[PDB]
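A.B. asks: To start, I am sharing the structure in question, which I have written as structure tokens.
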Amino acid sequence: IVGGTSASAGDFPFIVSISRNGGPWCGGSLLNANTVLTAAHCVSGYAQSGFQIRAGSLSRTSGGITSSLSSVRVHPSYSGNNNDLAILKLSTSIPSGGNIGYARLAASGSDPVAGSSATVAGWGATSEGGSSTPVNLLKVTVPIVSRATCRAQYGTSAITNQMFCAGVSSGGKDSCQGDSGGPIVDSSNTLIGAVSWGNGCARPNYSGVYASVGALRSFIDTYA
């Protein structure tokens, strides 16, 4: 997260950190006791034994409850940057309570409204190209950018109906490498997307791009 501030305990009861080969890798959202939502690009084709999830902590390295993975299912139309969502099944079930809870999802068919406020969270880099990652969770609030303006930035074909955009035109606030797969929520803390891609991090006139939960709800509901 670039331009962010520290999250507090219980801000995102459903957030998980995803390590790979013992190092930081991605974020995700806990949907139920044995199911995590993340970005397909975080997991597709990699050895599943390399991943560990941690729930219930602000720290990616300590605290909370950990689990290995039992299975990985990517969206059937994942291709390039499009449809960038995956469902992970956990070997160890994670009960709700305390600072752990399960995500509330955007309604099927919904699309975030331009100019509304969204909050994104993760343990990724705090500058583009940054090598050091924070131990504790950061968050930032940015407005939704209309799909039309996002298409003016990236190209008409680059931004699909299963993506939405968020950022500030002058830059300085964004998700970045290591944030992929983690949550973006609306102002009610409903899960509207997962961190997916963008041109660098926090650049003027290049919004962050997010996979849309509202658009991909049928996939989630089938396999969660």
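The values are calculated or read from the model by the stated rules, or taken from the named source; no laboratory instrument gave them. Methodologically, a virtual Cβ is constructed for each residue, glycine included, from the backbone with ideal geometry; neighbour enumeration extends over all protein chains shown.
A.B. asks: What number of residues within region 1-30 satisfy the criterion of being among the hydrophobic types (A, V, I, L, M, F, W, C) and within 22 Å of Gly172 (Cα to Cα)?
C.D. replies: 4
A.B. asks: If you take the residues in region 150-177 that are touching a residue at least 40 places away in the same chain (Cβ under 8 Å) and among the polar types (S, T, N, Q), which one is nearest to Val213 (Cα to Cα)?
C.D. replies: This residue is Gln162.
A.B. asks: Within region 71-89, is there a residue that is in contact with a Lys or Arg (Cβ under 8 Å, 6 or more places away or on another chain), over 18 Å from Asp11 (Cα atoms), in the same structural domain as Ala7 (by CATH) and among the polar types (S, T, N, Q)?
C.D. replies: no
A.B. asks: Now for a separate question. Hey, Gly178 hits all of (1) within 20 Å of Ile18 (Cα to Cα); (2) in contact with a helix residue (DSSP H, G or I) (Cβ under 8 Å, 6 or more places away or on another chain) but one; which does it fall short on?
C.D. replies: (2)
A.B. asks: Can you pull out the residues in region 141-197 that are of a type in the set (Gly, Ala, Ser) and under 17 Å from the mean Cα position of the chain (by Cα)?
C.D. replies: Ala166, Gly167, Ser175, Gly178, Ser180, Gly181, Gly182, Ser187, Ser188, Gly193, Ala194, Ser196 - these are the residues of region 141-197 that are of a type in the set (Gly, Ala, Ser) and under 17 Å from the mean Cα position of the chain (by Cα).
A.B. asks: Those residues that are surrounded by 15 or more Cβ atoms within 10 Å (Cβ to Cβ) and not in a strand (DSSP E or B), I need them from region 1-10; list them, please.
C.D. replies: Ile1, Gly3, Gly4, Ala7
A.B. asks: Working only within region 11-49, note down all residues that are assigned to a loop (DSSP other than H, G, I, E, B) and within 17 Å of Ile220 (Cβ to Cβ).
C.D. replies: Scanning region 11-49 gives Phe14, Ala33, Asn34, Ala39, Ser44.
A.B. asks: So, one more: Pairs, please: C-beta under 6 Å, at least 6 apart or cross-chain, first residue of a type in the set (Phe, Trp, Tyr) and in region 194-223, second crowded, with 24+ Cβ neighbours inside 10 Å and not in a loop (DSSP other than H, G, I, E, B)?
C.D. replies: Within 6 Å, the pairs are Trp197/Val209; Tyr210/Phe164; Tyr210/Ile184; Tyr210/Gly193; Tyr210/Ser196.
A.B. asks: Restricting the search to region 11-27, which residues are touching a helix residue (DSSP H, G or I) at 6+ places or on another chain (Cβ under 8 Å) and either crowded, with 21+ Cβ neighbours inside 10 Å or under 12 Å from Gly122 (Cα atoms) (or both)?
C.D. replies: Passing the criteria: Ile18, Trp25, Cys26.
A.B. asks: Then there is this: Take the conditions closer than 14 Å to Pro112 by Cα and of a type outside the set (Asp, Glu) and apply them to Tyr223. Does it pass?
C.D. replies: It is false that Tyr223 is closer than 14 Å to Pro112 by Cα and of a type outside the set (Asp, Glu).
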